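Below is one structure, written out as structure tokens; the observations come after it.
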Amino acid sequence: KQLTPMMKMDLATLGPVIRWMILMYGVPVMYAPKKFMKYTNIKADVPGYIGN
Amino acid sequence: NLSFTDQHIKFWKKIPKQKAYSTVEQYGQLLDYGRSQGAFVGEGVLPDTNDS
Numbered sequence: 417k418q419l420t421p422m423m424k425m426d427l428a429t430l431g432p433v434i435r436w437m438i439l440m441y442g443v444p445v446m447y448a449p450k451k452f453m454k455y456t457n458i459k460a461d462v463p464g465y466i467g468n
Numbered sequence: 053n054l055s056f057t058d059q060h061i062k063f064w065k066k067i068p069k070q071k072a073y074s075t076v077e078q079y080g081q082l083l084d085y086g087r088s089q090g091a092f093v094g095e096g097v098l099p100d101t102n103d104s
């Protein structure tokens, strides 16, 4: 449920710096908790992690 | 005649003359442009305020 999508909002000028921000509001809701499931503790063998 | 004549008056004939419209006359002056502060600030730093 979205209140607004991503938007860019400029800020005031308090000096020789340019500022702006990005905002987004929302929340996910799952109506039926009994219709999902999860597998835990699955084996990993390839070394490393995902790149930053 | 053993006294002075009109030709011995020097300053009174050279000072400029301006018309007066009141018994009290007013004028304004500009004493200075600012105070003795610093001018170097830095990158992205708001400079100091100054007054005349």
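Protein sequence lines, in the order shown, are assigned to chains D and E.
When you read off a place in the first sequence, starting at 1, and then add 416, the result is the number in UniProt numbering.
When you read off a place in the second sequence, starting at 1, and then add 52, the result is the number in UniProt numbering.
Virtual Cβ for every residue (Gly too), placed ideally from N, Cα, C.
Handout entry: Enclosing beta strand (DSSP E) for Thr420/D [first to last residue]
Key = To locate residue 420/D, count along the first sequence from 1; it is residue 4. First-last of the beta strand (DSSP E) with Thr420/D: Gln418 to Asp426.
Practice task
For the stretch 418-441 of chain D, enumerate the residues whose C-beta is nearer than 9 angstroms to any C-beta of chain E, in chain order.
Solution key: Listed in sequence order: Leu430, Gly431, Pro432 and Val433.
Handout entry: Span separating the alpha-carbon of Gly467/D from that of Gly86/E
Key = Within the first sequence, residue 467/D is the residue found at index 51, counting from 1. Within the second sequence, residue 86/E is the residue found at index 34, counting from 1. Taking the straight line joining both Cα atoms gives about 56 angstroms.
Handout entry: Run of the beta strand (DSSP E) containing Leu439/D, from where it starts to where it stops
Key = For the purposes of this step, residue 439/D is taken as the residue at position 23 of the first sequence. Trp436 to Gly442 is the span of the beta strand (DSSP E), which, as asked, contains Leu439/D.
Problem - Under the three-state DSSP convention, the category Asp58/E falls into - result: Position 6 of the second sequence, counting from 1, holds the residue named residue 58/E. Residue state, collapsed to three classes: helix.
Exercise for the section: List the residues of chain D whose Cβ lies closer than 8 angstroms to the Cβ of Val97/E, in chain order. Expected result: In the second sequence, residue 97/E corresponds to position 45, counting from 1. Ordered by position in chain D, the residues that pass the 8 angstroms Cβ test against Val97/E are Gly431 and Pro432.
Problem - Per-residue DSSP class, three states only, for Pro463/D - result: Here residue 463/D corresponds to residue number 47 of the first sequence, with the count starting at 1. It is coil, neither helix nor strand.
Practice task
Confirm, please, whether the CB-CB distance from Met437/D to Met422/D is below 8 angstroms.
Solution key: Here residue 422/D corresponds to residue number 6 of the first sequence, with the count starting at 1. Here residue 437/D corresponds to residue number 21 of the first sequence, with the count starting at 1. Remark: C-beta atoms of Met422/D and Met437/D do not approach each other more closely than 8 angstroms.
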